[PDB]
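This report concerns only the one structure given below.
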Amino acid sequence: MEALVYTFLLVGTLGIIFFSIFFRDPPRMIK
Amino acid sequence: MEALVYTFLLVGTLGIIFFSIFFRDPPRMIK
Amino acid sequence: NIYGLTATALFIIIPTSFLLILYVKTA
Amino acid sequence: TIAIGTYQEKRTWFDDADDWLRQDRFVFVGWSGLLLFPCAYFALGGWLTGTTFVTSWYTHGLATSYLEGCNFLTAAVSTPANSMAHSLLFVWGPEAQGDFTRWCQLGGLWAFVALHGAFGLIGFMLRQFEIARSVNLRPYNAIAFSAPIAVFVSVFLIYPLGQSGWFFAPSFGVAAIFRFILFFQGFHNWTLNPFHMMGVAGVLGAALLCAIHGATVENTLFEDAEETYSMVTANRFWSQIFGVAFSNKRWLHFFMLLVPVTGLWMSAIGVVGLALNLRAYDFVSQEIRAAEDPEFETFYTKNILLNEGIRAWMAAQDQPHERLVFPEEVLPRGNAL
Amino acid sequence: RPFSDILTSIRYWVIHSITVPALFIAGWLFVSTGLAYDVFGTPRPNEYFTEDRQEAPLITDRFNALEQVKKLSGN
Amino acid sequence: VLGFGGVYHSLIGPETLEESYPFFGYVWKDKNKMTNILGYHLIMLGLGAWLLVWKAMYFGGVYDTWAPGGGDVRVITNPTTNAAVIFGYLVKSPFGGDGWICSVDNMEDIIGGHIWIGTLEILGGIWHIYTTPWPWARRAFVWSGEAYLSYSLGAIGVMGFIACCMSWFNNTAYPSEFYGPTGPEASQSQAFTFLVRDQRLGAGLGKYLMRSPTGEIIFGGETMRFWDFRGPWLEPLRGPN
Amino acid sequence: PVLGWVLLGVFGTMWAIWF
Amino acid sequence: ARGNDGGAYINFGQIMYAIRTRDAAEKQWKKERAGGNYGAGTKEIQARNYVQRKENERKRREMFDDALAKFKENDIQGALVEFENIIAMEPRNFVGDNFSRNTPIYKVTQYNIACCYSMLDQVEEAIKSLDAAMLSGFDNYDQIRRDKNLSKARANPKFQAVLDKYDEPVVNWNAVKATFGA
Amino acid sequence: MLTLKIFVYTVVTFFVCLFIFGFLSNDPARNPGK
Amino acid sequence: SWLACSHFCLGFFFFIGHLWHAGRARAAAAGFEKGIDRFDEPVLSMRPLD
Amino acid sequence: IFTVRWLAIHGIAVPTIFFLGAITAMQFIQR
Amino acid sequence: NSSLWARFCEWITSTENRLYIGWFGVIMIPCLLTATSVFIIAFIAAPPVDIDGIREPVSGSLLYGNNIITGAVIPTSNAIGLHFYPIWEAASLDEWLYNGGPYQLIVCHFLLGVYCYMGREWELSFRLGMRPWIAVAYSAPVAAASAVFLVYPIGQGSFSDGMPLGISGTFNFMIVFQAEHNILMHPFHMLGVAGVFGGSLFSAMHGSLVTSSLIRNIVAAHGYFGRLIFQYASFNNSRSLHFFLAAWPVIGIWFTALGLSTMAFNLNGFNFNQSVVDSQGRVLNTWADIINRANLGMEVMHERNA
Amino acid sequence: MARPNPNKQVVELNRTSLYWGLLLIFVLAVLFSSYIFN
Ligand code: CLA
Ligand code: CLA
Ligand code: CLA
Ligand code: CLA
Ligand code: CLA
Ligand SMILES: C=Cc1c(C)c2cc3nc(c4c5[nH]c(cc6nc(cc1[nH]2)C(C)=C6CC)c(C)c5C(=O)[C@@H]4C(=O)OC)[C@@H](CCC(=O)OC/C=C(\C)CCC[C@H](C)CCC[C@H](C)CCCC(C)C)[C@@H]3C
Ligand SMILES: CCCCCCCCCCCCCCCC(=O)OC[C@H](COP(=O)(O)OC[C@@H](O)CO)OC(=O)CCCCCCCCCCCCCCC
Ligand SMILES: CCCCCCCCCCCCCCCC(=O)OC[C@H](COP(=O)(O)OC[C@@H](O)CO)OC(=O)CCCCCCCCCCCCCCC
Ligand SMILES: CC1=C(/C=C/C(C)=C/C=C/C(C)=C/C=C/C=C(C)/C=C/C=C(C)/C=C/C2=C(C)CCCC2(C)C)C(C)(C)CCC1
Ligand SMILES: CC1=C(/C=C/C(C)=C/C=C/C(C)=C/C=C/C=C(C)/C=C/C=C(C)/C=C/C2=C(C)CCCC2(C)C)C(C)(C)CCC1
Ligand SMILES: [Fe+2]
């Protein structure tokens, strides 16, 4: 069962990477 | 190894459900 | 399960990528 | 007179001394200089004297000095014998009883260097605080030095304090530090520890950031108050190549600070853990699997075997106070598996 | 004062020329005459293994450490 | 002599040669005379290669380490000029078992290759002296001194890697008698000597030989990785399997 | 010879399309 | 130099013809660039510049079509005016996706002006325009020597001088023949 | 598996030809100014 | 061993040299080796990355 | 002149020269 | 309108994509994706590999009782050696797995991908009109990766000597490397360690100084730095400071990569064993001798003979 | 040929069509995977 947990954690990290790459936040002013 | 494949497919379907609820598409005109 | 696994993998990658390409080109 | 707050009061010798201390010379003494300079000078002098002349024959059984024929890579100031426990080894203490020659022979010079160096580090941090106040800047530089201070305290003070004695602290030398590194690997499995893993990432990522920032700022320069490089071009480049890129100078130059400090603090916490033999040595599940199944083998099992080899083969000489004698039939060997 | 003034000064050059080599030779003599071997307690090549003890020394004592170091060393 | 010449040309002499010596003076952006210089130096290199060939075939011979009963200097008389074998090395794979041009075995192949390269270099120099780059070449290159330097740097770095590998592995252009044994050679020598000493006292099979993945007999033990070794002292003892 | 055949096929295909 | 609103400052076409024949909004971006910041004002400046570039290209294409129509009606005059207008309002520092460094219509405009002056009696300006076209990267060299419109320019030796400067004979037949003879 | 080898060779050669022809298609660098 | 090590190191450094000088040569030929002109920068004429 | 600069320079230098001489002599010690 | 080739070429070299592709991305993207997919599949589930070629396989899959910290992609078998081992040369898929072919596949595709990644860095730098030297900086990690995965196996004559694509595998590689070669006592590894530590130091110090500078500057920071450690005329220009930042770690990593590559041909680090002896030629121990004892333990312990 | 086709159009699918397509592909995979694996 541990393999499922490890794989899910890795996939979640990759999903966060994908979200950060593509669903980026538009810049604000001043920044 | 099959249990890994089934779980990913089930999670993949759930992931699409999350996208469709929240990342909808703004309505067009006429529609 | 080598042929069973590859058939499942291709059935996911090939259509999903094709749909994504069309959506990108549309937008 | 000096104006303290709304009211103005008469001067005092303290004010004169403070005025002299903060005079703008080549060397900024400041109040902290009264503690940093003597301590640092004596730490450097002690290390140099110990490397050049003092020997380690009576404490470790080694020959660590230039006078005995050692390079710069082998000379060191070695820790006192294990029989000294955690004595501070004052030159006037009950061990040396004021005899300089036998104080040096007993290994007290290591304690001299370590204590004076710790107080020199305190003095340097205080000086970093002081100069920032004089120039009226936020003292972020001093807060960064907390990482090396924590590393020094964890490794040279907290660790031997939790062990049998000073004898297990790092000795001030190159080969001696390599010995310390191998000792932690063999006995503590330090590599597998989660907190070292989070310190290695810090240092390697810090080097990565240094290189990338140096290269980017130097390639997006403007041709020839105002910044000399184009933030827009760098952001575009690193967003189309990598995927994400900085867009805020403050955030970038604070991330560069944040990475190494956090890494070193994490490693220091890990070493504090090791100080009590509180090791992350093994995974029980794989140990059981290997024991019950002789044909099961991973890289972790091989690492465990290598650690066994290091311990068994080095303990004979690395720890003379135990008087260990290992016959050739009990030393671990690869062909015996 | 500026670096150039001291660099081109005459008093500085003469005093340093007459002083530095004396101190270099003083260090040379300190090493050669064997005084360094005594003040710091470093054994000379021959007296590493005394007749009484043919192995590396060992303290195994804390409060009586001075006397035991006296005995272990060849004095 | 070269030092005197260089010092003269550097200290006292025309800084720019184009004013008084149109033959030697040049401008980087120009393409005809840069190719002229390239052709001259190509001819020089071809002459050098042909000098090596002539030395090998005439006025003494090269040291061939594969001669029977220990190598000796031999005068090469039948260099292999066949195009197929010569270019087989160039098309040869670089991975284990093949090793690109590091697998040259007999000095005949070396001399034949040098014949071919000298001829090609002389022809290329002649061609370049009398020709200007075609439009596609002019459209796919940067024509300045630094660009030529960059191309030279890339080529020479690749050649450095090739020389490293050739020196490490090859043992025909680098006879073991002079450069010592190679790593694989040393391992195979150790295994072979152990086998010989064992069988001497005794007086695959013999607990020193095993079967390679393909299916032929090779030296056993940890030295099974070096079963591609081909040494002059050991070929006589090797059969089809 | 699979390499040679494949390369000849791919090069010919590209050239034929152009011609 | 073409002005913001027509004309010419040191119509542009009308003036150039005879000679040859003879902050408030974009402040936030500046302040952000002063520091090492990207921000949002830079984004609006980028969008404005991009839309302006697209509109400019559209206008240049339309007036190129207008000049072609004028040729169809046999009006060299307004067509040449349009051509040098197109040239005048070319982007200052344009890097194409294919590393071109010049807008693709720039080369054809240069060639069209060269042809216009080839028909017109005055020639040397045709040579200058052809040289500019060659430098801009008019890669195809065949109608340079085949077009009947350019025969008048080909009469002048400077035509062949420029062509040899850019299109040089690949092989020196004279040198090889001389070497063979000797 | 001859089919797999042929497929991989075809893909590799296609991509390499694409690379080479793409780098050929570019035009030489030049400075519009000066 | 000496020959292989020395010439591997030299080959690696000369490959680094190829990279450096080739990049510089192409940039200089293009004309923007000295830096960004600060007046009409190529990035400012691109659609924002959204 | 006996300012802080002089004191620091001499304190760092005098022992340095002493030690350099000591090590240079140490080189020739017969083994 | 425009031919299909024209549109497709324009798309590749288009700069409006979220991630630039370019002409180096055509080779980088498929290679990197192949390596990623094969690596993920092999890590999650792959049969044990006979690394040593003695019919004693090592299991490194996540499905064969390994953690994340223990799982790895075991390198090819010793029997294969340096021979090319694609799928189509193996007798059968199970045989291919049992000899660690996926490691070779991943290494080859990954190396191609990283080289093309360096090329792509240069090409986008050119497209944007900036000076093209980020690729030179990137060449350092690429050089180290090439040394670990390709040059060292070449020198040692087998691909089983490359670094396993795992964590505990990395530690095992490092320990065995120290056993065979004194990596610690080699000047190039010392230069690498100095480079990494100096990179961390300079990153922290530069970040702190710049952050404390921005208040709502450069002269004040320079004055503070000069008063701090007696360097008033050190890195006054911002350009010089940033070049130094770039140069220090890159030079360090270049030298450590070269050190590893040279050790691949058995040119080890310093060896001060029994260097100090008293009269009558009796050996006096030193720290180098204890390092030697540890190295001897590691060496003797992994020599698994059959 | 120089003349373009007068009857040349462009395909286009909105985001809703994407979501239906992705859901159909994944749901079919969920249903049929057990049988393919068998
Ligand atoms: C590649 C190197 C090189 C090049 C390009 C030149 C080029 C030139 N030199 Mg320099 N020179 C060189 C090397 C070189 N020289 C060296 C090594 C020396 C030291 C001896 C000199 C000493 C020297 C002097 C003192 C003078 C020149 C002059 C000249 C100019 C006139 C040519 C000439 O000497 O007429 C001679 C040309 C001939 C064709 C006569 C016949 C020469 C035959 C072919 C000799 C061939 C030698 C042979 C190939 C050697 C091969 C050795 C190989 C194994 C390495 C010309 C610009 C003269 C000048 O104008 O000043 C700038 C001048 O006064 N040179
Ligand atoms: C600010 C500079 C400074 C600092 C922080 C230290 C700190 C230290 N030194 Mg170093 N040292 C210094 C300067 C300094 N030293 C100088 C200038 C010299 C050259 C002479 C030395 C020479 C030296 C040697 C040779 C040794 C040390 C040692 C030590 C340690 C033990 C301290 C101790 O017990 O001493 C005494 C500490 C105090 C007295 C603390 C002050 C407490 C107050 C003032 C007492 C007041 C009581 C009362 C009012 C006074 C009496 C009144 C009476 C007249 C009626 C400690 C780490 C020893 C050590 O640990 O080495 C291993 C050691 O062996 N130091
Ligand atoms: C006539 C045209 C011509 C010729 C023949 C050469 C020839 C040469 N040039 Mg070049 N050069 C030319 C024009 C020419 N150049 C022009 C126009 C320029 C621009 C100014 C240059 C600029 C230039 C530079 C900048 C350099 C050269 C160099 C060289 C020499 C390199 C030798 C070498 O390393 O070979 C390697 C291979 C061999 C040596 C093998 C060949 C063996 C010999 C030569 C052939 C055997 C027959 C021979 C004639 C007998 C010799 C007898 C002798 C022992 C007495 C070579 C002699 C390089 C040099 O160092 O010159 C000294 C150099 O750095 N040249
Ligand atoms: C160091 C020596 C040297 C140098 C610097 C050059 C340099 C040049 N030569 Mg010359 N050449 C040489 C030796 C040399 N040549 C020799 C010895 C010969 C005799 C065989 C020739 C015969 C020759 C001819 C017949 C022609 C050139 C041409 C050219 C120019 C075009 C670039 C090029 O060579 O194609 C490099 C290739 C490309 C830029 C395109 C890539 C195509 C593939 C990938 C590589 C070429 C195939 C390759 C050789 C076979 C192995 C393939 C493998 C890499 C996969 C360039 C100025 C051409 C030109 O215009 O000059 C007049 C030309 O037509 N050369
Ligand atoms: C024959 C090959 C060659 C040639 C002709 C040139 C020529 C030139 N280079 Mg290039 N370069 C080369 C190889 C070459 N380089 C290689 C292999 C590298 C990679 C390391 C570089 C990296 C490089 C850079 C980064 C720069 C140049 C620059 C220059 C120009 C000025 C030279 C200079 O800095 O002054 C003389 C150089 C020095 C005084 C520096 C010497 C210090 C070195 C590091 C000492 C090393 C000694 C050590 C024992 C070497 C062995 C190390 C061992 C580990 C292998 C000049 C046009 C500069 C320029 O302006 O470009 C236009 C510039 O910025 N080059
Ligand atoms: C081994 C690595 C290492 C070294 C040698 C080092 C050294 C230094 N860093 C300094 C600063 C800094 N380093 C920083 C962050 C970091 N520094 C790091 C790693 C290092 N930093 C890392 C990893 C980080 C990231 C968190 C910051 C943020 C700063 C500073 O602001 C400061 C500076 O000004 O930069 C220039 C300087 C402080 C001067 C000083 O101690 O005053 C004199 C004090 C003395 C002499 C007392 C210490 C005595 C020591 C502890 C006793 C031993 C002495 C012997 C000689 C030891 C020999 C050991 C043998 C093995 C050779 C000094 C040059
Ligand atoms: C073709 C090449 C493809 C490359 C694909 C990989 C790209 C990686 C993208 C990393 C995004 C990380 C999230 C950033 C989150 C984010 O949105 O940051 C955004 C940030 C920019 O922030 P701003 O400058 O807008 O900040 C403004 C301030 O007001 C603060 O918000 O970017 C960075 O600082 C760079 C940090 C890089 C950090 C790299 C970390 C890499 C970790 C990788 C771990 C992988 C584990 C895998 C396990 C199996
Ligand atoms: C060998 C080469 C490769 C071959 C394979 C290629 C495959 C290509 C993709 C084919 C599929 C495309 C699907 C388009 C999907 C799509 O977007 O359609 C959208 C379409 C309606 O779109 P409109 O015509 O309104 O859109 C107009 C334009 O904007 C274009 O979308 O609906 C349909 O025609 C039927 C769709 C399938 C039916 C959907 C509902 C039922 C299935 C879902 C059931 C879920 C489970 C429920 C029970 C648990
Ligand atoms: C312990 C003691 C003390 C004190 C002490 C001191 C204070 C000392 C000092 C000392 C010192 C202060 C020392 C110094 C030394 C120095 C040295 C030893 C140096 C060396 C150098 C070198 C070795 C160099 C090298 C080099 C260079 C840089 C140049 C060229 C290159 C080379 C790299 C070669 C007290 C009183 C507390 C108590 C009693 C005793
Ligand atoms: C003597 C000898 C031999 C042989 C030899 C030979 C045969 C040689 C050949 C050689 C060759 C046959 C070579 C070739 C080479 C090639 C190359 C080197 C290529 C390159 C390419 C490039 C560099 C490209 C580039 C580019 C492109 C891709 C396109 C456009 C852009 C550019 C320009 C970038 C033998 C073995 C018999 C024996 C031993 C020795
Ligand atoms: Fe910065």
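Here the Cβ is made from the backbone with ideal geometry for all residues, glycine too, and neighbour counts use every protein chain on show. Each reported figure results from applying straightforward, stated rules to the coordinates on display, with no laboratory input.
Once you reduce region F:7-83 and chain I to the center of their Cα atoms, the two points are 35 Å from each other.
By count of other Cβ within 10 Å, fewest leading, how are A:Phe8, B:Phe23, F:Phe229, D:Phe296 ordered? Could the numbers behind the result be given before it?
Details: A:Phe8 14, B:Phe23 10, F:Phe229 21, D:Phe296 18.
Starting with the residue having the fewest Cβ neighbours, the order is B:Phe23, A:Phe8, D:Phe296, F:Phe229.
The distance between label points at J:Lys34 and H:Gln52 comes to 2.4 nm (points 7 Å beyond Cα on the Cα→Cβ vector). Close amide H partners of F:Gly96, meaning residues 5 or more places away or on another chain with modelled amide H under 5 Å apart, are L:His83, L:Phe84. Each residue of region H:88-98 was assigned a 3J(HN,Hα) from its phi angle through the Karplus expression (A = 6.51, B = -1.76, C = 1.60, θ = phi - 60°), giving 4, 9, 6, x, 5, 10, 9, 10, x, 4, 8 Hz with x at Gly and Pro. Per the Debye calculation on chain J with a single equal scatterer at every Cα and no solvent contribution, log₁₀ I(q)/I(0) for q = 0.25 Å⁻¹ amounts to -0.92. By a straight-distance test (C-alpha under 15 Å), which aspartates and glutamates pair with H:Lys70 as possible cross-link partners, with residues fewer than eight away in the same chain excluded? Cross-link targets: H:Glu62, H:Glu82, H:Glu84. Put the Cα centre of region L:16-59 next to the Cα centre of region D:16-84 and the gap is 52 Å. With the cut-off at under 19 Å, measuring from each backbone N in region H:118-153 to a point 7 Å along the Cα-to-Cβ line of L:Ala6 picks out H:137-143.
What is the calculated FRET efficiency for F:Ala67 to L:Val193, with r their C-beta to C-beta distance and R₀ = 41 Å, to the nearest 0.05?
On the way: r = 51 Å, r/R0 = 1.24.
Efficiency at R0 = 41 Å is approximately 0.20.
Karplus-based coupling profile of region I:11-25, in residue order and whole Hz: 4, 4, 5, 4, 5, 5, 4, 4, 4, 5, 5, x, 5, 6, 5, with θ = phi - 60° in 6.51 cos²θ - 1.76 cosθ + 1.60 and x standing for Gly or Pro.
Amide H contacts for F:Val62 (H built 1.01 Å from N in the peptide plane; partners 5 or more residues away or on another chain; cut-off under 5 Å): F:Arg74, F:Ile76.
The convex hull drawn around the Cα atoms of region D:1-140, when projected onto a plane and averaged over every direction, covers 12.9 nm².
Using R₀ = 25 Å, calculate the FRET efficiency as 1/(1 + (r/R₀)^6) where r is the Cβ-Cβ separation of L:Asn266 and F:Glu235; round to 0.05.
0.45
Can you list residues from other chains, or at least 5 along the same chain, whose modelled amide H is less than 5 Å from the amide H of D:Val77? HN-HN under 5 Å from D:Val77: D:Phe172, D:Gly173. Measuring against 25 Å, Cα to Cα, the residue pairs H:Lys128/H:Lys177; H:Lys72/I:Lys34; H:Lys107/H:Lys158; C:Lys25/I:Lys5; A:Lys31/H:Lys59; D:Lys249/H:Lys30 contain H:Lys128/H:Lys177; H:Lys72/I:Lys34; C:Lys25/I:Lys5; A:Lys31/H:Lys59 as the ones spanning a longer distance. For chain C, backbone nitrogen atoms closer than 12 Å to the point 7 Å from M:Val11 Cα along Cα-to-C-beta are found at C:15-26. Could you let me know the centre-to-centre spacing of region H:1-47 and chain K, using Cα atoms, in angstrom? Comparing the Cα centres of region H:1-47 and chain K, I get a distance of 68 Å. Helices in chain L, meaning DSSP H runs of at least 4 residues, each add -39500 (n - 2.57). Divided by all residues, the mean residue ellipticity at 222 nm is -19000 deg cm²/dmol.
An ellipsoid equivalent to chain D, defined through the eigenvalues of its Cα gyration tensor, has semi-axes of 43, 35, 17 Å when rounded to whole angstrom and sorted largest first.
Give me the one-decimal Kirkwood hydrodynamic radius in Å for the protein assembly as shown, with the sum taken over alpha-carbon pairs. Please list the in-between numbers first.
Working: mean 1/r = 0.0261 Å⁻¹.
Hydrodynamic radius (Kirkwood, Cα only) of the protein assembly as shown equals 38.3 Å.
Distances between every pair of Cα atoms in region H:108-162, grouped in 10 Å steps from 0 to the bin holding the largest one, split as 29, 65, 6 percent.
The Kirkwood radius of region H:41-157, taken over pairs of alpha-carbon atoms, gives through the Stokes-Einstein law at 4 °C and 1.567 mPa s a diffusion coefficient of 84 µm² s⁻¹. Below 14 Å, Cα to Cα, which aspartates and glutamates can H:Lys152 reach? Residues fewer than 8 away in the same chain don't count. Those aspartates and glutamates meeting the cut-off are H:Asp121, H:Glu124, H:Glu125. Remark: region L:285-292, residue by residue, has Karplus-estimated 3J(HN,Hα) of 6, 9, 4, 4, 6, 5, 4, 4 Hz, where x stands for each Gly or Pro and the curve is 6.51 cos²θ - 1.76 cosθ + 1.60 at θ = phi - 60°.
Against the empirical 2.2 N^0.38 Å (N residues), region L:13-90 has a Cα radius of gyration ratio of 1.49. Listed from fewest to most Cβ neighbours within 10 Å, the set F:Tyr208, D:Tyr7 follows the order D:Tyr7, F:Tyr208. Each label point was placed 7 Å from the Cα along the Cα-to-Cβ direction; for B:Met1 and C:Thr26 their separation is 3.6 nm.
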